[PDB]
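Here's the structure, in structure tokens; my notes come after.
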Amino acid sequence: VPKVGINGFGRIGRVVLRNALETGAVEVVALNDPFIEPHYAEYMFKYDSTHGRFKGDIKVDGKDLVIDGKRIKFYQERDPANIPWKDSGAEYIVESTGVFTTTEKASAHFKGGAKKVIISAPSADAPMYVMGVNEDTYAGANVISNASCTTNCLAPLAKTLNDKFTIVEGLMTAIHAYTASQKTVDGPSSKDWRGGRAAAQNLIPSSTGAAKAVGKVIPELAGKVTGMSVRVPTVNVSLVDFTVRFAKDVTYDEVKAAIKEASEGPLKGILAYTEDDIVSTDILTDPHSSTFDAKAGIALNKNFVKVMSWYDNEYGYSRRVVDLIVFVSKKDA
Amino acid sequence: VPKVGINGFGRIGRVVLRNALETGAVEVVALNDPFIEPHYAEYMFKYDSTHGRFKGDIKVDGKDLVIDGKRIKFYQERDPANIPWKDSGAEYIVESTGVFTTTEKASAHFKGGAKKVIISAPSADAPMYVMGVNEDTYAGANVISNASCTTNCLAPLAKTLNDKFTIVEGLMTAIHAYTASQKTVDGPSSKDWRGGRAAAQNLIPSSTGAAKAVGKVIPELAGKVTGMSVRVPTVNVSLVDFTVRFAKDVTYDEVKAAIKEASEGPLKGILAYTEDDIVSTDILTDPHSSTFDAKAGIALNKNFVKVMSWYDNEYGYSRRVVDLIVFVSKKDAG
Amino acid sequence: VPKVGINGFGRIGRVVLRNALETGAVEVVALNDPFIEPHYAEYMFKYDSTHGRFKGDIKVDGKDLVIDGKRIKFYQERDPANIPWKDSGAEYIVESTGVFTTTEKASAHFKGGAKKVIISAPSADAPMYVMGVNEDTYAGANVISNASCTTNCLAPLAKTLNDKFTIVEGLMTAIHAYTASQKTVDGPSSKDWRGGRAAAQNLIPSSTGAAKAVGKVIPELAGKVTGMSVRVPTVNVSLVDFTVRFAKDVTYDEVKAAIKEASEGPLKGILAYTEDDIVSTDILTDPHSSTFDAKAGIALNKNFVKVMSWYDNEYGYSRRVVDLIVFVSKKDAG
Amino acid sequence: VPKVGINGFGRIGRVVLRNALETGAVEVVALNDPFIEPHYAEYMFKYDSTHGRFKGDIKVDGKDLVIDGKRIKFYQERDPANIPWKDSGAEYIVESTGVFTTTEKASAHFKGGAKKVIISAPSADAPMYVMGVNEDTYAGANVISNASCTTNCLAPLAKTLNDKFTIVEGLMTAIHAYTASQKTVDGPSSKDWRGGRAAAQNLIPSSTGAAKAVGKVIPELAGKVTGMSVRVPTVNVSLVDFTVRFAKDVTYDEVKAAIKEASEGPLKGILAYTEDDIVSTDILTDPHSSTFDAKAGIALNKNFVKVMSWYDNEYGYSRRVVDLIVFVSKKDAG
Ligand SMILES: NC(=O)c1ccc[n+]([C@@H]2O[C@H](COP(=O)([O-])OP(=O)(O)OC[C@H]3O[C@@H](n4cnc5c(N)ncnc54)[C@H](O)[C@@H]3O)[C@@H](O)[C@H]2O)c1
Ligand SMILES: NC(=O)c1ccc[n+]([C@@H]2O[C@H](COP(=O)([O-])OP(=O)(O)OC[C@H]3O[C@@H](n4cnc5c(N)ncnc54)[C@H](O)[C@@H]3O)[C@@H](O)[C@H]2O)c1
Ligand SMILES: NC(=O)c1ccc[n+]([C@@H]2O[C@H](COP(=O)([O-])OP(=O)(O)OC[C@H]3O[C@@H](n4cnc5c(N)ncnc54)[C@H](O)[C@@H]3O)[C@@H](O)[C@H]2O)c1
Ligand SMILES: NC(=O)c1ccc[n+]([C@@H]2O[C@H](COP(=O)([O-])OP(=O)(O)OC[C@H]3O[C@@H](n4cnc5c(N)ncnc54)[C@H](O)[C@@H]3O)[C@@H](O)[C@H]2O)c1
């Protein structure tokens, strides 16, 4: 199985490691985060406000972590060029700092001997992939992106609807949990002015390319889909709200059938289908990219419908990072 | 000038009272709520988790409330047929209990001498009005409805866009603060299973007739608009998300100009226009029905747009209740 | 293995069922809740905003629930005297509705054939027990009380410190999650004015007898301990803050060693001891009554100390309900 | 009136500016914050999630702010030694960055022409003052501290009780709103592991010198008071929980009378007294240091009592900064 390094031991970094240990699909052999010392890393991994306590064994030994018997090297370099990935055999680097999302910045990991870099975020210039949507277009690039949590929710849904019914145009709102880039109380934000307002007290509109990025992993939809997001006071779990017009005449039951069929077939494990009366906490720690909520949507007429899909923005995306490393390593061989 | 009675001294009942006192546009002379004694009512009106402390004077004087030197009768009748509205001269009754929303149930207020009843909610069998949209169609019905907060947000915006660009079809999501019918922890809500889950910890989808009701106050949009709601962990203030297709070709700048124009003219005080980077707390205790957020919307192409508009679901709607009573009282006088 | 019926399928009722299934220490064979139909009951038990999804299997078969293959009768009786506990063999009845906490009202279960009633709350007159503190004083009463979540947190801690150091006097604050009796938005609470204010937006002082009740389960502490609570914006998990004066001289390390010793011996599974840097979510779904937080306390001097102890007010208490039934059934048989 | 500069336009800096404008007691003529450009500063000041919209008028002119007609210079210097305070005549500097809390660091402001520096936080090596407690001990130090929000709450209460009843010993818990140092989701806080956990989902214990500092502003209480903090999911407003033993015998009514008397005389505007059933939001934007909550406290016996006092940790503290500057300016002038 691929040997993995994680740069940035944050929400995504720690949850990617949970998914690695849970599945065994990759072997995380090295960790880097200059703002966290090894003993502190043990604390942050063991206790989690969102996904509950870690259920395995973890201890510090020397400057390293030991998790269920396996040693993980822990470094504290601010410059990714100084991380010696080769000492542990770390070949596939998860770049989850949030500060090295361009190909140039991410490519620093090759200095320490990395083989591939997976940016855990959209990138201005690295090719983006969404498992179940366009992984087969992978063509060997050294630095790649797994897009965003929101794109991983919308794109499997949009691909399925387009294939069956032909999307003419669509607009998305992502009703999204607050994240680490937001603030407890009103303070300065680097992304945008609204982004700094008290996270747990506000609905906060936020612009996003993640719906437009659907048009890059699904070229047939370029220029046909865009949208925005509203950050809301939940610590985790988000909801895609997708209003879309089809070329074909559909009923809503036919929309549901198309989703159900994809969830039981080509997108099983990626796109789920439910008719239960679920709320956001029911999707906590669920590893799907996208769970279509049959009862939450509505059709106005035979061509114009609203559909809704849930995603654990931390947990589903993080499993997809693992899935994308496994797939790319197969192709590289 | 119009003398008002309020049945149900809840979020809407009390916030209607603050708007009456703030504007002086109506004189509230009587209140009824069987689950609040007069001393408790003073406390509930004095302190408010959402809109801050009442800035005036209030005291209890023997079963009555006195606010800024004016006596307000206070009753505790479970049956609205037993409220002697005539004793205080209350003629226009705000029916804001949530349990008397039909013409039959709301008509009980006439037994005690009410002249008109305004149901603070959509109604199955009473005409619905949205100020700035269709109040001129009022023709003397004795039981009327002020619709919902959400319809009061969407309809003035849809009217403006329809008038200027012709709406082909539109779908709405109301991202809505939690309310009194929701629960702190997972509890029974047998008629709305999701609505029983812990309110401040969940995103909670809900169906709503509020967008379809836009096609009832704007008959030209009948069959062209519907939508749903998502209840979210805020104590107040909500956000309409409107995805709409126009028959005419538009730029987003043209959409903004149409809204700004209406806000500076025929819908002043009802529909506001902003380009500021606001968030929900900035709309707290704002009396507009609808505040169009120009930087939050987006146009995909020349006919297909998503626009967003804020509303204080408590304070905007409550000011409209006062506005509607004034308007109807004037019409009842000629 | 005792056969249990649960009356009131609420937070405590459902979490008691979770604890019964998790441990197998009792067999829940019947449930009653008039406000929940069987298909709704499956939903409310399957999905939980606080403790997550149920990991086993559950379905409805006819009017019953089937959980992990076992059939569980489900009734919908408003009057507990009409619940036919006998049909399923239910002998030990968890009275978790919140509304039948006196012996007079709780005794209604005996009509349907109950053998014992455990009130999931303090009782005005039924004897109260805290596992680890006074269950040996149980003498065969047919209606008993498992006290409150807070008493179950404070009393095992107070007993240990009293046994070792002699408590002269103590005052407690329970920093407590909000509960089902609180309100999402400012609402009517005629017997607890503060308790009606928006739960997720306020710190809400509240008086409690739960610290004085430590004086009933530990009679030597009668009149030496009381306190109050503050209800805070968390959906679950609470924290006892105990400020206490000892007759003996102690260091804070001796305080810690006494609690660690108790946690490894006589109070294992009831009182836990930690030096970790935990926060409230770390105690979610933790079955202990009391988790002493070593780093959160502080000593002013050799006789005056502040200790703090965590408790999942739903899950800890609910496991104690299961433990108490087990203990009492053993006593009933020898 | 004194001319003021503010280094650090954060929660305290902006709420200090609001208090200066509200009272006119000082004239703010310059601001510095390298992370907030002028147009961003206008937005952050105009719109506040906690205290609401700014009521006055504000605009940017070039690189400076203009607020209600007066120009305010705005700099973005990361090194306070480079702020040209003299250009605007700013003499009294509010040091509210959180990062220059020592006499050596705060002294950087003198390079730019400042006359006095008031650190908006406790300091390891500058004298701390609490208005109503020890401001008369000021004797011309050039770098002073206004202590913390929590010490400004506890000290006036502790002085009053100790003056009348003699405090033998006391322990405090500050139930405290979360602040800008905390995190929205679990993130790094290597000096305070608990302080990194999701602020709005957790109760978070924390050590604090704020209770011990009461023994520094009140030397007669040295060694007799300490405590800790629990950070909770509110955006603002905190609650002091003070458990104290007196040397004299007292009733609770006598405790109440002593607090009320102080609130009406020497501590007016500093310590408030209430018997209302208030909750945290009722203290929002209240400028008192300390609001004694009569009904929330409890006496165990004639010497052992728990008292509770509310404080808007942003607004009360900020008004005290303004008050301290006024007082120091008058003493500086004779
Ligand atoms: N949280 C989500 O829902 C989510 C979902 C999908 C993608 N993402 C993306 O994943 C990335 C990480 O997000 P997050 O939520 O985990 O953020 P986070 O703040 O929780 O974690 C980022 C971590 O990177 C560390 N770091 C900072 N500078 C560093 C450096 N120079 N070298 C190494 N480590 C450094 C920080 O200490 C922190 O622990 C971001 O790009 C984000 O946009 C986040
Ligand atoms: N809250 C909102 O945002 C909002 C906005 C627009 C409209 N509304 C509508 O306004 C109505 C009231 O909503 P609310 O949020 O104020 O609810 P609420 O629960 O806060 O208020 C209801 C009040 O009615 C009282 N009441 C109950 N039974 C009564 C009776 N028999 N006689 C007299 N009074 C009685 C209750 O004691 C309570 O004080 C509802 O129909 C709601 O749909 C609410
Ligand atoms: N939640 C806690 O933290 C906690 C902890 C310890 C003890 N308790 C006590 O346990 C009891 C239950 O509390 P809860 O938090 O589970 O409340 P809850 O509201 O979650 O549960 C009450 C349940 O009882 C049902 N009920 C109402 N009337 C009934 C009737 N006549 N017959 C049968 N069922 C009826 C309701 O439908 C509801 O499902 C209360 O007395 C409470 O004080 C609660
Ligand atoms: N918030 C409270 O309740 C409270 C109460 C009393 C005291 N305090 C104290 O006041 C101080 C500020 O607290 P806050 O809550 O306002 O924090 P905050 O983060 O809201 O404000 C800090 C401000 O200082 C600015 N800043 C950072 N580095 C700077 C530099 N080199 N030069 C100039 N400005 C810089 C930041 O941009 C930010 O605007 C802290 O010392 C805090 O302990 C806070």
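Numbers and lists here come from the model and the stated rules, or from a named source; none is laboratory data. We place every Cβ from the backbone using ideal geometry, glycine too, and count neighbours over all the protein chains shown.
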Scope the range A:184-203; condition buried (at least 24 other Cβ atoms within 10 Å of the Cβ) and more than 19 Å from B:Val232 (Cβ to Cβ); matching residues: A:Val185, A:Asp186, A:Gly196
Since D:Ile118 meets every condition but one in (1) under 13 Å from the mean Cα position of the chain (by Cα); (2) within 24 Å of D:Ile175 (Cα to Cα), which condition does it not meet? (2)
Of all residues in the range D:69-85 being near ligand 4 (Cβ under 10 Å from one of its atoms), out of contact with any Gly (no Cβ under 6 Å at 6 or more places or on another chain) and assigned to a loop (DSSP other than H, G, I, E, B), which is farthest from the other protein chains (Cβ to nearest Cβ)? D:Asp79
Are there any strands (runs of 3 or more DSSP E) wholly within the range A:195-291 with 2 or more residues that are within 10 Å of another protein chain (Cβ to nearest Cβ) and either without any contact (Cβ under 8 Å) to a residue 40 or more places away in the chain or out of contact with any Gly (no Cβ under 8 Å at 6 or more places or on another chain) (or both), and if so which? A:204-207, A:225-232, A:238-246
Under 9 Å between Cβ atoms, which residue pairs at least 6 apart in sequence (or on different chains) link something in the range A:169-184 that is within 24 Å of A:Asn303 (Cα to Cα) and more than 10 Å from chain B (Cβ to nearest Cβ) with a partner that is part of a strand (DSSP E or B) and of a type in the set (A, V, I, L, M)? A:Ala174/A:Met228; A:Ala174/A:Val230; A:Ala174/A:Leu239; A:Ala174/A:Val240
Working only within the range A:293-304, note down all residues that are more than 8 Å from chain B (Cβ to nearest Cβ) and either in a helix (DSSP H, G or I) or out of contact with any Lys or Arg (no Cβ under 8 Å at 6 or more places or on another chain) (or both). A:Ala294, A:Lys302
Look at B:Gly269 and say whether it is more than 27 Å from A:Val244 (Cα to Cα), in contact with a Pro (Cβ under 9 Å, 6 or more places away or on another chain) and either within 14 Å of chain A (Cβ to nearest Cβ) or surrounded by fewer than 23 Cβ atoms within 10 Å (Cβ to Cβ) (or both). yes
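Yes/no matrix, rows are residues, columns are (1) without any contact (Cβ under 8 Å) to a residue 40 or more places away in the chain; (2) in the same structural domain as A:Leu239 (by CATH); (3) away from ligand 4 (no atom under 16 Å from the Cβ); (4) within 25 Å of A:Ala262 (Cα to Cα):
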| residue | (1), (2), (3), (4) |
| --- | --- |
| A:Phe110 | yes, no, yes, no |
| A:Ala114 | no, no, yes, no |
| A:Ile118 | no, no, yes, no |
| A:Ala126 | yes, no, yes, no |
| A:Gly132 | no, no, yes, yes |
| A:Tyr138 | no, no, yes, yes |
| A:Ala141 | yes, no, yes, no |
| A:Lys159 | no, yes, yes, yes |
Checking C:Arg231 against (1) touching a strand residue (DSSP E or B) at 6+ places or on another chain (Cβ under 6 Å); (2) more than 16 Å from ligand 3 (Cβ to nearest atom), only one condition comes out false. Which one? (2)
Answer from D:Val66, D:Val1, D:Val60 - the residue that is touching a helix residue (DSSP H, G or I) at 6+ places or on another chain (Cβ under 7 Å) and either within 15 Å of ligand 4 (Cβ to nearest atom) or β-branched (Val, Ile, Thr) (or both): D:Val60
Are any residues in the range D:286-304 surrounded by 21 or more Cβ atoms within 10 Å (Cβ to Cβ), out of contact with any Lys or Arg (no Cβ under 8 Å at 6 or more places or on another chain) and more than 16 Å from D:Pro156 (Cα to Cα), and if so, which ones? D:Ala296
Of the residues in the range A:18-42, those that are within 14 Å of chain D (Cβ to nearest Cβ) and within 13 Å of ligand 1 (Cβ to nearest atom) come to A:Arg18, A:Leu31, A:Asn32, A:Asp33, A:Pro34, A:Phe35, A:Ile36, A:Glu37, A:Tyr40, A:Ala41
From A:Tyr43, A:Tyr92, grab the single residue that is among the hydroxyl-bearing types (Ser, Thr, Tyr) and free of Cβ contacts under 8 Å to residues at least 24 places away in the same chain. A:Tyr43
Scan the strands (runs of 3 or more DSSP E) fully inside the range D:184-255 and keep the ones with 2 or more residues being touching a residue at least 40 places away in the same chain (Cβ under 8 Å) and either touching an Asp or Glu at 6+ places or on another chain (Cβ under 9 Å) or within 14 Å of chain A (Cβ to nearest Cβ) (or both). D:225-232, D:238-246
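Here's the yes/no breakdown for (1) more than 22 Å from B:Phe110 (Cβ to Cβ); (2) within 13 Å of another protein chain (Cβ to nearest Cβ):
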residue: B:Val15; (1), (2): yes, yes
residue: B:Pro34; (1), (2): no, yes
residue: B:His39; (1), (2): yes, yes
residue: B:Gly52; (1), (2): yes, yes
residue: B:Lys55; (1), (2): yes, yes
residue: B:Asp87; (1), (2): no, no
If B:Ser181 passes every condition in (1) surrounded by 23 or more Cβ atoms within 10 Å (Cβ to Cβ); (2) within 16 Å of ligand 3 (Cβ to nearest atom) but one, which one does it miss? (1)
Is there a residue being surrounded by fewer than 24 Cβ atoms within 10 Å (Cβ to Cβ), out of contact with any strand residue (DSSP E or B) (no Cβ under 9 Å at 6 or more places or on another chain) and not basic (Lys, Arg) anywhere in the range D:153-162? no
Out of contact with any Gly (no Cβ under 8 Å at 6 or more places or on another chain), within 16 Å of ligand 2 (Cβ to nearest atom) and over 21 Å from C:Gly13 (Cα atoms) - does that describe any residue in the range C:168-184? yes
Within the bounds of the range A:152-171, is there any residue that is within 20 Å of the chain's Cα centre (by Cα) and either surrounded by fewer than 23 Cβ atoms within 10 Å (Cβ to Cβ) or within 12 Å of ligand 1 (Cβ to nearest atom) (or both)? yes
Would you please name the residue that is nearest to the other protein chains (Cβ to nearest Cβ), looking only at residues in the range B:89-125 that are more than 10 Å from ligand 2 (Cβ to nearest atom) and surrounded by fewer than 17 Cβ atoms within 10 Å (Cβ to Cβ)? B:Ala124
For residues that are small (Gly, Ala, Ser), within 14 Å of chain C (Cβ to nearest Cβ) and not in a helix (DSSP H, G or I), scanning just the range D:129-179, find the one that is nearest to ligand 4 (Cβ to nearest atom). D:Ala177
Could you identify the single residue in D:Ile283, D:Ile278 that is in contact with a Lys or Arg (Cβ under 8 Å, 6 or more places away or on another chain) and within 27 Å of C:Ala211 (Cβ to Cβ)? D:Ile278
Count of the range A:52-83 residues which are at the interface with another protein chain (Cβ under 10 Å from one of its Cβ atoms) and touching a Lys or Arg at 6+ places or on another chain (Cβ under 7 Å): 1
Need at least 1 residues that are surrounded by fewer than 18 Cβ atoms within 10 Å (Cβ to Cβ) and touching a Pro at 6+ places or on another chain (Cβ under 6 Å) per element, so show me which strands (runs of 3 or more DSSP E) inside the range A:1-119 make the cut, counting only ones lying wholly within it. A:58-61
Can we say C:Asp282 is of a type outside the set (S, T, N, Q), within 14 Å of chain D (Cβ to nearest Cβ) and touching a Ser or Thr at 6+ places or on another chain (Cβ under 7 Å)? no
